[PDB]
Structures are given as structure tokens and as C-alpha cells.
């Protein structure tokens, strides 16, 4: 018997989601890369959670640390389209340019890449999936990513970093989506 964190999946969680992990949240590692997987349980229906997560043009809605995110005018939210996001002042990243890779309203799957900008997460690729859970009906959100490990940094350092941003983001996501409830 061991000890995991709360971002790591529980057993019941993993047995239901394993296939999803197999398909969407698994990356080719090795050679200065690193990846990670985070879960968040949310006492709200998947449909609500998905509608927020999918808003590629308005990540501010739940991601932290965004001063602004501009898309273009002839911007239609569809695969290949992009967003220029500006981070608040005082952080170790100023701007990010991200491309939408993946948008499936049927399977509630989405993902973007960073291509890139003023920061040190080179070639970051993320995927986020939402799932239904029953026993009283809740949601589980999985977010994973892979990204390059910068010159004089450890892979553990890089994972810690990305993990934190994602972890807080999902907490915000949880928070607003549970917010109205019923």
C-alpha cells in the first residue's frame, strides 16, 4: 500500500478511463521530453463542463494568469485556428501562441499546441477530455500534455511547473461549473 497525490487518478477512476488514457493521454517520451496526466473530479454534469472546456477562444473563463487572449476576426473555432494569449505581468512567461489541434463535440475531446511565444514550454501539446461518472451524476476531467525539457532543467522541474498551472486551472474549472449547481 502506497501514497499518491490528488491529481493522480483513483483506482475506480482508472478502471473506467484506462481506454481514454490509452487513446488520448499518452505520448512518446524519451530524448529530453516529459509528459504528465492530471484528473479533476467535478460535481457538475459533463455537458456543462464540456461547454466551457471547448471554448478555445475564451480560455480566460477558467485558466488563470491570462491578461488577455486575442483571436482574429475571420476566426472560426475550428481545427488549425489560433489564439495569442498574453500572460499577466510578473510571471516567467509573457506571451503564448497556441493552435487548436482537436475538437470533437461527440467524444468531448480537445487539444492545443503551443507554437510558441515568449516562454520556456517548447512544443507543448495538450489534450483534455471530459467524462461521465455514475453510482447522483458527476464529471471527471483529464488533462495531459507533453513538452520539451529546457537545456539546464530537470524533467521533474518542468513537470512540477506545468502541473501547477494545469492543476489550478482545473480547480477554477471545477469551481465555476459547480457554482450554479441546481
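Positions refer to the first chain, counted from 1. Each form is matched to the other, and the largest set of C-alpha atoms that superpose within 1.5 Å is called the rigid core.
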Farther-lying stretch by C-alpha RMS in 4 other deposited structures of this protein, rigid core as reference, of 16-24 and 164-172: 16-24
Between stretches 80-88 and 93-101, more displaced by Cα RMS in 4 other deposited structures of this protein (rigid core superposition): 93-101
Missing residues, deposited sequence, between residue 135 and residue 136 (class: none, 1 to 3, 4 to 9, 10 or more): 4 to 9
Mean C-alpha temperature factor, higher of 151-159 and 123-131: 151-159
71-79 or 108-116, whichever carries the higher mean Cα B-factor: 71-79
For residue 88, the third of its chain into which the C-alpha B factor falls: middle
Residue 31 - Cα temperature factor, lowest/middle/highest third of chain: highest
